[PDB]
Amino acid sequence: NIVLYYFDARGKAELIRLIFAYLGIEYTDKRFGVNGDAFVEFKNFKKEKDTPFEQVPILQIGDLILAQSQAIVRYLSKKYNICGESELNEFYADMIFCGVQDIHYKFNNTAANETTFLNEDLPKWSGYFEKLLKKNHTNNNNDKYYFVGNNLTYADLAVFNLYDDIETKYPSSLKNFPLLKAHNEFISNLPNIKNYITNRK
């Protein structure tokens, strides 16, 4: 019953694919442009499906059409208990995801200006996450890194996906941030996540 529609790219779909992998949820991963014309296939999709904003990702669960990648993430995270276990932890997971969006946007919008990115913004943002993880030190041992409380949240997956994307371009980016480094390794090594990354294009 579940179909995720996106272009043939990680981008705005990949966090949702990571959540379904973590959760072991079966779905069809529909990708426009894998073979044919992405724009033609997308245009033909918009004809057949009622989308609210003529954008993807779209997640269809039975007859229910959901749009807006962040809103899908939040909905799924709430339904499947990866959103934090207190009103404050839920807020913190959301705050951290929102910060991931700021720096992921900068990464995505270059990086033609890469020295400023490489020397100023990326280190600075990395330090912000390093400090957030330090604050949660505190639930551990064991091991257990999480951004928020004592259990995985979508904020863990989002920060993983951010630095997974960054490391593809800039391999040494986590050398100066050992907590953030340990976090990324911890997440990448979760059975369902490791499995998914192995299978992935």
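Don't overthink the numbering: it's just position in the shown sequence, from 1.
When the two stretches 48-56 and 156-164 are set side by side, the higher mean Cα temperature factor goes to 48-56. Two stretches are in play, 105-113 and 89-97, and the higher mean C-alpha B-factor belongs to 105-113. The deposited CA B-factor of residue 197 belongs to the highest third of values across its chain. Ranked against the other modelled residues of its chain, the C-alpha B-factor of residue 38 as given in the entry falls in the highest third. Per the PDB record, residue ranking by Cα B-factor puts residue 69 in the lowest third of the chain. In the PDB entry, a CA B factor belonging to the highest third of its chain's modelled residues is recorded for residue 118.
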